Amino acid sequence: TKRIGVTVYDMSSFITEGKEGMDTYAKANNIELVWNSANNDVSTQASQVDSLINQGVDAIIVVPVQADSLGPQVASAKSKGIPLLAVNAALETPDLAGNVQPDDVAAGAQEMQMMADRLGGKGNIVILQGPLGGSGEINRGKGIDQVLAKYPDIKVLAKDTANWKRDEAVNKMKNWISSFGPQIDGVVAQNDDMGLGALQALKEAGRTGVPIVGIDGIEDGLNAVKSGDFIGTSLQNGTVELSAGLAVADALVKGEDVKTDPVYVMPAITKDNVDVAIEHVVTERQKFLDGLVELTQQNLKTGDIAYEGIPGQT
């Protein structure tokens, strides 16, 4: 019956894994999802929101390219009575109907603390950023910086974007390897994909054993934690977070009272608890998806949208 438009920045690993959860929730709730991807382009994404508005969908979910963007489109949707939500990354507009977000400051702090823990408080790092001007790099950078403020013997030799993408990260890391070589003691990657690119560049330079930390716990990232290729990650289960977003959208379409700004807190993932994450995200995906609608409705009650039973969670 309900038609809910989705425009995402790109089909990243996180979004790709999460789409299955969104689509599972939609099918269980009589929602047709209109999927669009903006391939990392703000104007494309603006055009997609315009189109969804023109189509008269019941609600719109934006996973934004840029935080400072889409003002006219979000004001249009609001003026027309179409609930528009930001999910997964932030928008600056005051007109959102819902706002379903990770705590990216916390996640950045957590990854940097994992690295500081590994290094014993001393060493030289490089930092791979998400797309500049997205809330993910802004907020993860703030949390990294909060932790760097405690460690005078940790030095950042370089920081740059690789736009969430593995192969950008390989090329950035190869330039830093040619500049700094074995002065690089660790890599803090703002997502797992970029950390895996760095891993590949280091391998091809003949370096194994360099500490790398990520964020997301995508399939390949969890496997990297299990194998020791990463020191840790922070779980951002897209099946969970994106389905939570859709559930807030669905409640707004139905006129129900709902918490419209729940926060997804990413649990730390290490070799101690990576098995369970592997079951949910890698080896037992379909069993997890069979449970997802129920998990989502329970968690929308507690507000604890990240709960999935990872060791360490409440």
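The numbering used is simple: start at 1 and walk along the sequence shown.
In this entry, 67-75 has the higher mean Cα B-factor, the comparison being between 191-199 and 67-75. Of the two segments, 167-175 and 112-120, the one listed with the higher mean B-factor is 167-175 (C-alpha atoms only). Highest CA B-factor among the listed residues (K142, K159, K80, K155): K80. Among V147, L235, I231, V210, the highest C-alpha B-factor recorded in the PDB entry belongs to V210. Per-chain ranking of the deposited C-alpha B factor places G56 in the highest third. In the PDB entry, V282 places in the highest third of its chain by CA B-factor. In the PDB entry, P262 places in the middle third of its chain by CA B-factor. Per the PDB record, residue ranking by Cα B-factor puts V240 in the lowest third of the chain.
Residue-level temperature factors show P182 in the highest third of its chain, judged at the C-alpha atom.
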